[PDB]
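See structure below.
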Amino acid sequence: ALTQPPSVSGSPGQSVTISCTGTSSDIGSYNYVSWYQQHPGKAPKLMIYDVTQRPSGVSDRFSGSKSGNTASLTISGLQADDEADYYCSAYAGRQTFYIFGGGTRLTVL
Amino acid sequence: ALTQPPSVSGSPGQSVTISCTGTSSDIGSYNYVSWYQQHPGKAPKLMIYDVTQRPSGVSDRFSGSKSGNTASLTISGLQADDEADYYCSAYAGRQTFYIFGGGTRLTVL
Amino acid sequence: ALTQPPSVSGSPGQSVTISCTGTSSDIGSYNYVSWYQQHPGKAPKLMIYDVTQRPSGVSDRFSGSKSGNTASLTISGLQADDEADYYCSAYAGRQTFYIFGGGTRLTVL
Amino acid sequence: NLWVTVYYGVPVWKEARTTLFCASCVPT
Amino acid sequence: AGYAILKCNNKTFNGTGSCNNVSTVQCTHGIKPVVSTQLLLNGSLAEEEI
Amino acid sequence: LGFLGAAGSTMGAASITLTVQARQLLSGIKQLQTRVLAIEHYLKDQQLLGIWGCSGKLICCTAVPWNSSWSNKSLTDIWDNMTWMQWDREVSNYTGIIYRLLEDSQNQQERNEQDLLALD
Amino acid sequence: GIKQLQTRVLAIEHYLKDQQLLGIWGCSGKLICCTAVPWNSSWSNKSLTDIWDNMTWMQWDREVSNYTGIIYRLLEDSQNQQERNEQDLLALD
Amino acid sequence: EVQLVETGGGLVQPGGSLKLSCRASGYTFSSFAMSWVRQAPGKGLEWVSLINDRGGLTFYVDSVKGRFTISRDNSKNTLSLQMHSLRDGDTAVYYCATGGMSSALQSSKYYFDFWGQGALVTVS
Amino acid sequence: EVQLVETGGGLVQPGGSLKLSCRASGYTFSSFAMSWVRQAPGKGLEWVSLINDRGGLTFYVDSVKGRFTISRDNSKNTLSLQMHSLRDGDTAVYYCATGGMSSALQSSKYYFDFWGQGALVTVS
Amino acid sequence: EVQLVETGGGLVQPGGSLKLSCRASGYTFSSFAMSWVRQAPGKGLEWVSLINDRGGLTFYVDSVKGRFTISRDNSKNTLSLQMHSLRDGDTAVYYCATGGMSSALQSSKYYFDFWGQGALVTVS
Ligand SMILES: *[C@@H]1O[C@H](CO)[C@@H](O)[C@H](O)[C@H]1NC(C)=O
Ligand SMILES: *[C@@H]1O[C@H](CO)[C@@H](O)[C@H](O)[C@H]1NC(C)=O
Ligand SMILES: *[C@@H]1O[C@H](CO)[C@@H](O)[C@H](O)[C@H]1NC(C)=O
Ligand SMILES: *[C@@H]1O[C@H](CO)[C@@H](O)[C@H](O)[C@H]1NC(C)=O
């Protein structure tokens, strides 16, 4: 599937990057990566779609990028309310379709 | 392939069931199961075709059914002349085609 | 891939055969085998193409044949200048395409 | 080893006679 | 539609026989329907000779 | 290029300019009868292509093998050295055999296709 | 007689010219045909939600009309390339 | 504020069948390709199946091919997923999601935009 | 009473070839899709190959693809199977069977209706 | 005497990219389907990729699919191969070869007729 660091941490006000690594057929060939934020309970919310786009309703604190076969989501100026499990996904193809990744428990310090 | 109990037995006059279990692509999806009776030597004879049909020349003593992914042939009022190896088969698809099963040595008691 | 004897030898003036064995999909089905002579360094040169054909510029000292799933190159009247690594290849299909074989270090005695 | 391939639009013609129309009858 | 006019550009063609340098045209040149006996009038001249 | 522009070119350089001699087929009594005749000839050629399984294609590969009695020239003697007019003058007594073989092969392919599509 | 018969023949000719265009493009037998010609932003730079959802076909025709002599040529060239690639793939084996 | 409410779920025994249904409200229904996504307890998200906006095309993850059927009704504004056999590996929270595909006359929606609250499916 | 008589078989050495033939009588020949079925000693039945009623379409079990050729002649009322390489795993009684397919203009015959007496093929 | 001169090659680190190019002279260029072939040190020849005479069709060995791109320019009489990721298993001498395919209007050229001198690709 897609490899994603099990957890990342940092203090309030610092930036953090959550990487996601796939293969050439998944992230490299297709610029259709996306990121979801899932607080315990409730349901995952869309944070980032495409390499650099975000949906309406999400502030510019959340951004991301893609280089080679690695995707990364960057959150600047972390707030206490960001303690959630983040997931990456990408469009693999018309055969395997969407392949998600493990969860990055973000625990702000 | 298809699983079929290696042997079943019973006394004359009793009913016996010979089951045949496949997967969703073999018996579940296709109602084209069939049963053959092979006495030692000679050649297999068709006893049942389709889930509930029998060919002309076979008496109504031989019947069968299908439920889920399991097919079963039922012989009522067993005679001494039924001591034969029974085989199930099913149409898997345009790729794997006919997949038979092991033989059920029926030894009337 | 294709099996090819690691080495064969003989004295000057003798004949030697270099066999190449494939499967039914590689040499048996397709009469498109070929042989190359690679002296250390430089680059491989085409010696035989098709089962029995040779390119212009190659003398009739080099020949070959095909039987069943085995191809063979025969060199008659070996010269000192034939000390080279010989490779077989064959057209497998529109999927696997060209599959070569190991090298037959020919060391004339 | 060789098979029939059908081509449409080849620059091939045969002799024939048709009713060609004037054009002084239709602007040239 | 479906036909072609094959002109002949050999300047010394008589009228019958093989002609090289054949051209394809859609229409002919302007041909005057001149009616004259014994002498051809207002025609096209030969490119090279009689 | 133009109509019949490749008429004098070899058979392998005239198989690229096919969409130019195809479009210029443009498909009182004296003209209308020739418009109807041109339509009939176009439709007969289309019907031939369709019966052969070649509908919608200008270059159509078939399953009929070439019989050496029709022509024994190699590919480098035909595609690279001859024009289409010379080829037509060569294979002309045999078109009533080739066309029949093509329609028979398509009928066999259509029946095999309906049998494969009824398998399941 | 002639007045009507000439328009029946003309309607047939127009139908067959449209069919021939579709055939040369590889679209024979289809009403909705996808091709391999990329869209050039100089022909129209509107997004899909500004064309399919907001405009009618008449407005679109009035927009892309000076460019049909380019698009049609690209379509027939792409089909010629696909036909030669197909005969090369079908002669591979 | 769109609302996806998955009405279904519960407990099944290995070999049984279960149907899930998802009702949508707040937006035009017959314009979005809906999907289902499974979250097993303690694990991440896995895509299960995708259906187009018109319902004619369905796609599944290989692990459920031949067992799950996804269907939608554009007149009732409902989505449903009917599962057969229900193996122990299928125990998960199943989320109703909007997104994953487009009709070719609209921009690419290769992302799951709107999610539901999740139905709980337990196999024992 | 239809009669299928398989005339062939014997002994081969690994790498050899062998042809089997089956003659039919008692019914219209060019209307039934024939097949071959192998029964190794002490084992059950396994399907090997299927040919349509017209002979244009042939199907094989994956384990014999590229080695076995099935052909029929509707003018002689004969079926034949020509095997190459003949591995040790191919030792079996080969039964000639009628059934397995239909022409799409007749009812489904997804069953082997009439069998032969069986040819014995031994590989050593 | 045809001349194929491969101008390129050198050293890369796992994950990098490298382009090779091959210039042809002495024969008509746009009439031969060119290819590339790799010879790892101490090992034999392995085919990598094939391109048709027109450049429209490319074929690759499964082990390099999605990473290598082969392209040709018939106006410059050049062939090029652009490799991405460049794993340690890709270290080899890469030979430029002429042959492997035909245009369907010419005889079969299922052989590599003319070879180059070879570019050396090292991954470390
Ligand atoms: C015209 O035809 C004559 C026939 O003898 C030939 O000699 C002459 O070269 C031709 N002229 C041209 C310009 O081709
Ligand atoms: C006209 O030219 C052709 C060229 O082949 C020749 O055969 C023929 O005799 C000539 N006739 C006259 C009347 O000049
Ligand atoms: C052929 O005819 C064309 C007409 O334009 C002329 O220009 C050309 O010079 C002619 N060639 C010969 C060889 O007569
Ligand atoms: C005509 O033949 C000459 C022979 O040298 C050749 O160069 C030229 O390309 C040919 N022209 C056409 C239009 O085929």
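In the structure tokens, each chain is lettered A, B, ... as it comes, each chain's residues begin at 1, and ligands are numbered from 1 in order of appearance.
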Checklist line | Residue list (strand (DSSP E or B), DSSP) for range 24-104 of chain B, as a ChimeraX atom specification | finding: /B:34-38,45-49,53,62-67,70-75,85-91,98-101,104
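Residue neighbourhood of range 96-109 of chain H, excluding near-sequence residues (fewer than 3 positions): residues 48, 49 and 52 of chain G; 4, 5, 6, 22, 32, 33, 34, 35, 36, 37, 50, 52, 53, 112, 113, 114, 115, 116, 117 and 118 of chain H, at 8 Å, using only C-alpha atoms.
Distances to chain I were evaluated for C:22, C:6, C:40, C:68 using only C-alpha atoms, and the minimum falls at C:68.
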Next item on the list: Residues up to 6 Å from ligand 3, counting only C-alpha atoms and all ligand atoms: could you list those as a list in words?
Entry: residues 9, 10 and 21 of chain E
Note to self: Give me, as a VMD selection string, the set of residues whose atoms come within 7 Å of any atom of ligand 1, counting only C-alpha atoms and all ligand atoms.
What the structure shows: chain E and resid 10 to 13 19 to 21
Next item on the list: Counting only C-alpha atoms, collect the residues of chain B whose closest atom lies at most 10 Å from chain F, and write them out as a VMD selection string.
Entry: chain B and resid 30 91 to 95 97
Next item on the list: Identify, on the basis of only C-alpha atoms, every residue whose closest approach to residue 64 in chain G does not exceed 12 Å; exclude the query and any residue fewer than 2 positions from it along the same chain; express the result as a ChimeraX atom specification.
Entry: /G:39-46,51,57-62,66-71
Please dump the current selection as a short mmCIF file (atom, residue, chain, number, x, y, z; two decimals), in the first residue's frame; keep C-alpha atoms.
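Output (out-v6.cif):
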```cif
data_model
loop_
_atom_site.label_atom_id
_atom_site.label_comp_id
_atom_site.auth_asym_id
_atom_site.auth_seq_id
_atom_site.Cartn_x
_atom_site.Cartn_y
_atom_site.Cartn_z
CA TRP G 39 -7.54 20.30 -26.76
CA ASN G 40 -5.53 23.44 -27.51
CA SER G 41 -6.33 26.28 -25.12
CA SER G 42 -6.20 28.74 -28.03
CA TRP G 43 -9.37 27.16 -29.42
CA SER G 44 -11.25 27.80 -26.17
CA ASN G 45 -9.93 28.37 -22.63
CA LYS G 46 -13.23 27.78 -20.82
CA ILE G 51 -19.03 24.77 -21.25
CA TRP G 57 -24.47 24.01 -28.49
CA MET G 58 -25.31 27.06 -30.64
CA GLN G 59 -23.12 29.33 -28.51
CA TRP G 60 -20.34 26.75 -28.67
CA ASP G 61 -20.61 26.51 -32.46
CA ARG G 62 -20.43 30.31 -32.63
CA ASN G 66 -12.83 29.49 -37.10
CA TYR G 67 -10.95 26.39 -35.84
CA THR G 68 -12.84 23.46 -37.38
CA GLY G 69 -10.43 23.28 -40.32
CA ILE G 70 -7.63 22.62 -37.82
CA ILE G 71 -9.46 20.19 -35.57
#
```
Item checked: All residues 7 Å or closer to residue 71 in chain J, only C-alpha atoms, same chain fewer than 6 positions away omitted, as a ChimeraX atom specification -> /J:55,79-81
Check: Quick one: residues within 10 Å of residue 67 in chain F, only C-alpha atoms counted, chain neighbours fewer than 6 positions away excluded, as a PyMOL selection string?
Finding: (chain D and resi 1-4) or (chain F and resi 98)
Next item on the list: Could you tell me how far CA of residue 29 in chain I lies from CA of residue 109 in chain F, in Å and to one decimal?
Entry: 21.6 Å
Margin query: Taking only chain B into account, list the residues labelled helix (DSSP H, G or I) by DSSP (computed from the backbone), as a ChimeraX atom specification.
Written below: /B:24-28,80-82
Considering only C-alpha atoms, tabulate each residue of chain G that lies at most 9 Å from chain F along with its nearest interatomic pair and the corresponding distance in Å to one decimal; arrange the rows by chain and ascending residue number and present them as JSON lines.
```
{"residue": "G:2", "atom": "CA", "partner": "F:28", "partner_atom": "CA", "distance": 7.3}
{"residue": "G:5", "atom": "CA", "partner": "F:32", "partner_atom": "CA", "distance": 8.6}
{"residue": "G:6", "atom": "CA", "partner": "F:32", "partner_atom": "CA", "distance": 7.2}
{"residue": "G:9", "atom": "CA", "partner": "F:36", "partner_atom": "CA", "distance": 7.1}
{"residue": "G:12", "atom": "CA", "partner": "F:39", "partner_atom": "CA", "distance": 8.3}
{"residue": "G:13", "atom": "CA", "partner": "F:27", "partner_atom": "CA", "distance": 5.6}
{"residue": "G:14", "atom": "CA", "partner": "F:27", "partner_atom": "CA", "distance": 7.7}
{"residue": "G:15", "atom": "CA", "partner": "F:27", "partner_atom": "CA", "distance": 8.3}
{"residue": "G:16", "atom": "CA", "partner": "F:27", "partner_atom": "CA", "distance": 5.2}
{"residue": "G:17", "atom": "CA", "partner": "F:27", "partner_atom": "CA", "distance": 5.2}
{"residue": "G:18", "atom": "CA", "partner": "F:27", "partner_atom": "CA", "distance": 8.8}
{"residue": "G:19", "atom": "CA", "partner": "F:27", "partner_atom": "CA", "distance": 8.7}
{"residue": "G:20", "atom": "CA", "partner": "F:27", "partner_atom": "CA", "distance": 7.2}
{"residue": "G:21", "atom": "CA", "partner": "F:23", "partner_atom": "CA", "distance": 8.1}
{"residue": "G:22", "atom": "CA", "partner": "F:56", "partner_atom": "CA", "distance": 8.2}
{"residue": "G:23", "atom": "CA", "partner": "F:56", "partner_atom": "CA", "distance": 4.8}
{"residue": "G:24", "atom": "CA", "partner": "F:19", "partner_atom": "CA", "distance": 6.8}
{"residue": "G:25", "atom": "CA", "partner": "F:56", "partner_atom": "CA", "distance": 8.6}
{"residue": "G:26", "atom": "CA", "partner": "F:56", "partner_atom": "CA", "distance": 6.3}
{"residue": "G:27", "atom": "CA", "partner": "F:56", "partner_atom": "CA", "distance": 7.4}
{"residue": "G:28", "atom": "CA", "partner": "F:56", "partner_atom": "CA", "distance": 5.2}
{"residue": "G:29", "atom": "CA", "partner": "F:56", "partner_atom": "CA", "distance": 7.9}
{"residue": "G:76", "atom": "CA", "partner": "F:19", "partner_atom": "CA", "distance": 7.2}
{"residue": "G:77", "atom": "CA", "partner": "F:19", "partner_atom": "CA", "distance": 8.6}
{"residue": "G:80", "atom": "CA", "partner": "F:16", "partner_atom": "CA", "distance": 7.5}
{"residue": "G:83", "atom": "CA", "partner": "F:59", "partner_atom": "CA", "distance": 6.4}
{"residue": "G:84", "atom": "CA", "partner": "F:59", "partner_atom": "CA", "distance": 7.7}
{"residue": "G:87", "atom": "CA", "partner": "F:61", "partner_atom": "CA", "distance": 6.7}
{"residue": "G:90", "atom": "CA", "partner": "F:61", "partner_atom": "CA", "distance": 7.8}
```
Item checked: Separation of CA of residue 42 in chain H from CA of residue 83 in chain A, in Å and rounded to one decimal ->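 Interatomic distance, CA of residue 42 in chain H to CA of residue 83 in chain A: 16.6 Å.
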Next item on the list: Pick out the residues no farther than 7 Å from ligand 2, counting only C-alpha atoms and all ligand atoms, and list them as a list in words.
Entry: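 Using only C-alpha atoms and all ligand atoms, everything at most 7 Å from ligand 2 comes to residues 13, 14, 15, 16, 17 and 18 of chain E.
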Margin query: ligand 4: which residues are within 7 Å, counting only C-alpha atoms and all ligand atoms? Reply as a PyMOL selection string.
Written below: chain F and resi 6+8-10
Taking N, CA, C and O atoms for each residue, export the selection above as a PDB file, in the first residue's frame.
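After the write, out.pdb holds the following:
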```pdb
ATOM      1  N   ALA F   6      -0.113  10.456 -55.282  1.00  0.00           N
ATOM      2  CA  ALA F   6       0.792   9.337 -55.078  1.00  0.00           C
ATOM      3  C   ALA F   6       0.622   8.255 -56.136  1.00  0.00           C
ATOM      4  O   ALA F   6       1.124   7.143 -55.948  1.00  0.00           O
ATOM      5  N   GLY F   8       1.974   7.785 -58.950  1.00  0.00           N
ATOM      6  CA  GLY F   8       3.250   7.331 -59.449  1.00  0.00           C
ATOM      7  C   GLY F   8       4.240   6.925 -58.387  1.00  0.00           C
ATOM      8  O   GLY F   8       5.365   6.543 -58.722  1.00  0.00           O
ATOM      9  N   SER F   9       3.858   6.983 -57.116  1.00  0.00           N
ATOM     10  CA  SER F   9       4.744   6.622 -56.025  1.00  0.00           C
ATOM     11  C   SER F   9       4.624   5.130 -55.749  1.00  0.00           C
ATOM     12  O   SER F   9       3.686   4.466 -56.190  1.00  0.00           O
ATOM     13  N   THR F  10       5.568   4.607 -54.978  1.00  0.00           N
ATOM     14  CA  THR F  10       5.566   3.182 -54.707  1.00  0.00           C
ATOM     15  C   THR F  10       4.435   2.835 -53.746  1.00  0.00           C
ATOM     16  O   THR F  10       3.853   3.699 -53.087  1.00  0.00           O
TER      17      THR F  10
END
```
Next item on the list: Extract, using only C-alpha atoms, all DNA, RNA and protein residues at most 10 Å from residue 40 in chain J, discarding same-chain residues fewer than 5 positions from it, and format them as JSON, numbers by chain.
Entry: {"J": [45, 46, 89, 90, 91, 92, 93, 94, 120, 121, 122]}
Written file, previous selection with N, CA, C and O atoms, as a CSV table (one decimal), in the first residue's frame:
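Final output, again-v4.csv:
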```csv
chain,number,residue,atom,x,y,z
J,45,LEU,N,23.6,-11.0,-22.1
J,45,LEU,CA,22.8,-9.9,-22.7
J,45,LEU,C,21.3,-10.0,-22.3
J,45,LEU,O,20.8,-11.1,-22.1
J,46,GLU,N,20.7,-8.9,-22.0
J,46,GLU,CA,19.3,-8.8,-21.7
J,46,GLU,C,18.7,-7.7,-22.5
J,46,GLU,O,19.2,-6.5,-22.5
J,89,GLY,N,20.3,-2.8,-9.8
J,89,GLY,CA,20.3,-3.9,-10.8
J,89,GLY,C,20.3,-3.4,-12.2
J,89,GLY,O,20.4,-4.3,-13.1
J,90,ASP,N,20.3,-2.1,-12.4
J,90,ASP,CA,20.4,-1.5,-13.8
J,90,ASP,C,21.8,-1.2,-14.2
J,90,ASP,O,22.0,-0.7,-15.3
J,91,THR,N,22.8,-1.5,-13.3
J,91,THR,CA,24.2,-1.2,-13.7
J,91,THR,C,24.6,-2.2,-14.8
J,91,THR,O,24.5,-3.4,-14.7
J,92,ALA,N,25.0,-1.7,-16.0
J,92,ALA,CA,25.3,-2.5,-17.1
J,92,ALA,C,25.9,-1.6,-18.2
J,92,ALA,O,25.9,-0.4,-18.2
J,93,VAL,N,26.5,-2.3,-19.2
J,93,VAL,CA,26.8,-1.7,-20.5
J,93,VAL,C,25.5,-1.7,-21.3
J,93,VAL,O,24.9,-2.8,-21.6
J,94,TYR,N,25.0,-0.6,-21.8
J,94,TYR,CA,23.8,-0.5,-22.6
J,94,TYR,C,24.2,-0.3,-24.1
J,94,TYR,O,24.9,0.7,-24.5
J,120,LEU,N,28.5,2.9,-20.8
J,120,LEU,CA,28.6,2.2,-19.5
J,120,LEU,C,27.8,3.0,-18.5
J,120,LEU,O,28.1,4.2,-18.3
J,121,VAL,N,26.9,2.4,-17.8
J,121,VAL,CA,26.0,2.9,-16.8
J,121,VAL,C,26.4,2.3,-15.4
J,121,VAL,O,26.2,1.1,-15.3
J,122,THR,N,26.8,3.1,-14.5
J,122,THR,CA,27.2,2.6,-13.1
J,122,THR,C,26.3,3.2,-12.1
J,122,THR,O,26.1,4.4,-12.1
```
Near chain F, 10 Å: chain E residue rows, closest pairs, only C-alpha atoms, as CSV:
```
residue,atom,partner,partner_atom,distance
E:1,CA,F:25,CA,5.4
E:2,CA,F:25,CA,4.9
E:3,CA,F:25,CA,8.1
E:4,CA,F:3,CA,8.5
E:23,CA,F:5,CA,9.4
E:24,CA,F:4,CA,7.5
E:25,CA,F:3,CA,8.9
E:26,CA,F:3,CA,9.4
```
Note to self: One decimal, in Å: what's the spacing between CA of residue 50 in chain F and CA of residue 59 in chain I?
What the structure shows: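 Those two atoms sit 28.8 Å apart.
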